[PDB]
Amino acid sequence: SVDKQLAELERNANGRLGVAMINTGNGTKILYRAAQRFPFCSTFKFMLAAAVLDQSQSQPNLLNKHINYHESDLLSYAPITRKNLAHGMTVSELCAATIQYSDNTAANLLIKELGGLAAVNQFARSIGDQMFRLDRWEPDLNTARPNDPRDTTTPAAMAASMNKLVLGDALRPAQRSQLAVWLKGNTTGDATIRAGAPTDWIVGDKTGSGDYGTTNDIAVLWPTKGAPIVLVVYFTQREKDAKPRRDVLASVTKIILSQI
């Protein structure tokens, strides 16, 4: 029983947890509050990177476009764009730094490139994600305030989106392969989904955190045995200044993967 382990974990943690798992092997799913909205935090950047890859399908030079951004574009959390300030970065490098370091300048630059917040939402709509809603730019989208639907999705919608994009036919093969490569090279995810997964598996993920101790992580897991698995874990807590609970996500992963 996942449900009772999950509820116990959630009650002990004093948060709300949302979980969707899809096993693309047999098509089983494990759902917990899967249809409830949660602040997506940096997990949006997954959907952002996918949208950029979608436009690159029309525009063969898009990923190679060199972006000479300036000092003014730099945000508080931007280690990789800060690193490359002098020389600029390609759109492709911007997507990698957004996914793998969650760089906020790289994200905001890619939204500009797509032509605004609404372009990401319209992309989400094009793939059948009806729950995804991006309302603000980085980093204002991480306030994660109680009962604020801004900058939110559902675990189920996000899992279905990751499924279609990484493991499905929503993108052309070069694009979707690039999307999985970016994810596999994520550097921020060691303590969350990765830490609860068998040490011989490969995990591609995008993390997220914000106020109210919001702690999120979305992943494709490549097992040693069968087909890939999509896991989306969202978690949020009572108080604004809650510390993130990366251990809760690793625990969920332990709980979920045991079942399969």
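When you see a residue number, it is the position in the sequence shown, counting from 1.
Asker: Averaged over C-alpha atoms, is the B-factor higher for 65-73 or for 207-215 in this PDB entry?
Answerer: Averaged over C-alpha atoms, the B-factors run higher in 65-73.
Asker: Taking the recorded C-alpha temperature factors, which stretch has the higher mean, 148-156 or 164-172?
Answerer: Of 164-172 and 148-156, the stretch with the higher C-alpha B-factor average is 164-172.
Asker: Please pick out which of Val91, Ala86, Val181, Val120 has the largest Cα B-factor as recorded in the entry.
Answerer: The record points to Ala86.
Asker: Comparing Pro198 with the other modelled residues of its chain, is its CA B-factor in the lowest, middle or highest third?
Answerer: As the PDB entry reports it, the C-alpha B-factor of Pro198 lands in the middle third of its chain.
Asker: Could you look up the Cα B-factor of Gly185 in the entry and say which third of the chain it sits in: lowest, middle or highest?
Answerer: Answer is lowest: the recorded C-alpha B-factor places it there.
Asker: Please rank the C-alpha B-factors of the chain's modelled residues and tell me whether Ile80 sits in the lowest, middle or highest third.
Answerer: It falls in the bottom third of the chain.
Asker: Within this chain's modelled residues, let me know which third the CA B factor of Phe235 belongs to: lowest, middle or highest.
Answerer: CA B-factor rank for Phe235: middle third.
Asker: Taking the values exactly as deposited, rank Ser102 by C-alpha B-factor within its chain and report the matching third: lowest, middle or highest.
Answerer: CA B-factor rank for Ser102: lowest third.
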